[PDB]
Amino acid sequence: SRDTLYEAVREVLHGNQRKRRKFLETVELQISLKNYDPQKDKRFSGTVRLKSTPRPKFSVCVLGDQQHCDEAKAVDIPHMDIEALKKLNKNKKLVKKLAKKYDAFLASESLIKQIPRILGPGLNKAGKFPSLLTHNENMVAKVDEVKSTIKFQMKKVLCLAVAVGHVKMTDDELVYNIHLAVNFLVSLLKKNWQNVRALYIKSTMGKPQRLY
Amino acid sequence: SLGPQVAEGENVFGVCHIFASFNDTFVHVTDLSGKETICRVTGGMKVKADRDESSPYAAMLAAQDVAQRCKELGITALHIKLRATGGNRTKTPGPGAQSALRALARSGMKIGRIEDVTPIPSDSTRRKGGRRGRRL
Amino acid sequence: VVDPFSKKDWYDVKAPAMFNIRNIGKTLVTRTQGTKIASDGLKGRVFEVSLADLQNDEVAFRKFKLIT
RNA sequence: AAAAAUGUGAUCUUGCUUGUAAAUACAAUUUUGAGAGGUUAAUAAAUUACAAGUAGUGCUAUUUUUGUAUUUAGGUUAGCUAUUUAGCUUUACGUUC
RNA sequence: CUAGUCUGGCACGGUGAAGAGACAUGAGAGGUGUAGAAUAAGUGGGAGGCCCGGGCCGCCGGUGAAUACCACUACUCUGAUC
């Protein structure tokens, strides 16, 4: 399952063909998935950790009550302890909005003794299901998920996605994370009979045009 | 085995070399030329007793089983070239000539040109058996 | 594990302009297989055909031959 | 009937592949027409507590009255003899149970 | 044990035509579980962006994963190859 190279992955100084839109484009990485079963427990999912800002940002909630309350005040979000857990239970049903007022969540390690009951087919069918196969812990991962760290999930119908920078971002933010999102997205390996085929470039919007 | 023909006015012709010596029955359907072979069967295939393999019933048991396998490829008409042992031995045909030919007139086939095709000489090598005869 | 009267396709035969009826009959040969062709072997038959069936109403005793 | 809900981060347990462990003939039929060689050479099937992985499902719980309900109780194939009274086939209606 | 004799391989030792394949690189078609006004292929898609002061496919009602433009694999037929 081996690529290496690092020969001279300079030369994105023809990359104006990526950004044609008015807004800023979310530059990406995605290899097509050979060597893979749908339903099984052939668990191909670590949680690769980058260095500098690809910026995955969605509205995070801290459901932790030991060291997860103290060390999740560094990002500085008005903490809500027992009326954050009670808000999702029968409060806003007849009022037209859903009872959440959240987006992201914690795969519970601080409240691991209060975890095993209801929450199954609301989050799971949606695919916003909080795990530690993708840094949903919200304490030291509140300074990494919102800004730095990343994953590649496991599921039935055979799919992938992962970031490195943007097109705000400059040549410092394009190539030095490409060095850490290739070593670390190669060693992560089942003696996979080389899905090492070709690893494609990507942004926010379009049609086919290939690279390695 | 499906020959393309006009469904309501054409029968596919052929020829059968009917060998008829006294000690065995033979029937042998071939093409117009005679070169290939489609449906061959003897009296020996049917009956099992050395003395009665060429008998008129051991000549009729073969001819029905020609026309069974001769009606599944789908042939209707046939030319004929009968025999008798011949050469420098008997030229009168054997007891598998009419009971082999009249059987296929009842078993779903048409009859066309008939003749003899014995071997006959202009003259011959000396014949087996003595000057003094075959005593019995 | 085989049926021998599949590998046989029905072709046609002809006669020259000097005799009356054009269509004699049919003949069967194997396909292009191993190393032998279906138009190489099919080039030297003899059809010992009469005259009556070749014409409208003749004396039938004469015969003929017509090689490919 | 009515299921509200405080309810191990609003409900719920049901999908599936596998290990041991425990239950499958009248007379047959083929065989071996034969007291036995070969009632061969088929079969089916069949259920579950645990060990890694899924279609599906993300795996805990107080109560009130329940049906005032007795911890909710009995029955039938009802067959006919003569005009009603009177009598009484365990369900043969191949015959007997 | 062995000189000779028989047999295989490997080198000197190259060109063309046709028969039948493997196996790939560059293309054109190529998608109807229920359901949705509409042939349900998979993911980060995503309320957004192209041209020629304006349009359009959509957000929307909805099924257990939604129409623009960056990426090619599961899967099925097409034929030319330095």
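Chain B is numbered as in Swiss-Prot; shown residues: 16-151, in order.
Determined by electron microscopy, 3.2 Å, according to the entry header.
Each residue, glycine too, has its Cβ placed from N, Cα and C.
What Swiss-Prot says about this protein:
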- B:142-151: compositional bias 'Basic residues' (COMPBIAS)
- B:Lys61: SUMO2 cross-link (CROSSLNK)
- B:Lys63: SUMO2 cross-link (CROSSLNK)
- B:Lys106: SUMO2 cross-link (CROSSLNK)
- B:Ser16: phosphoserine (MOD_RES)
- B:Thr133: phosphothreonine (MOD_RES)
- B:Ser139: phosphoserine (MOD_RES)
- B:131-151: region 'Disordered' (REGION)
Surrounding residues of the region 'Disordered' (B:131-151) on its own chain - C-beta under 8 Å, 6+ positions past either end: 32, 96-104, 106, 108
Recorded sites compared (B:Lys61, B:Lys63) - the one with the fewest other Cβ atoms within 10 Å: B:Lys63
Rounded Cα separation (Å) that holds between B:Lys106 (SUMO2 cross-link) and the residue listed as 'phosphothreonine': 7
Same chain, 6+ residues apart, C-beta under 8 Å of the C-beta of B:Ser139 (phosphoserine), given in sequence order: B:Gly102, B:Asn103
Fewest Cβ neighbours within 10 Å, where candidates are the modified residues B:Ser16, B:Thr133: B:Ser16
Chain C neighbours, restricted to the recorded positions B:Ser16, B:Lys61, B:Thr133, B:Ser139, by C-beta under 8 angstroms: B:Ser16
Cα-nearest neighbour of B:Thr133 (phosphothreonine) within the listed recorded positions, B:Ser16, B:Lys61, B:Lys63: B:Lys61
For B:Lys106 (SUMO2 cross-link), the number of other Cβ atoms found within 10 Å of its own Cβ: 14
Distance, B:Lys63 (SUMO2 cross-link) to B:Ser16 (phosphoserine) (CA atoms, angstrom): 32
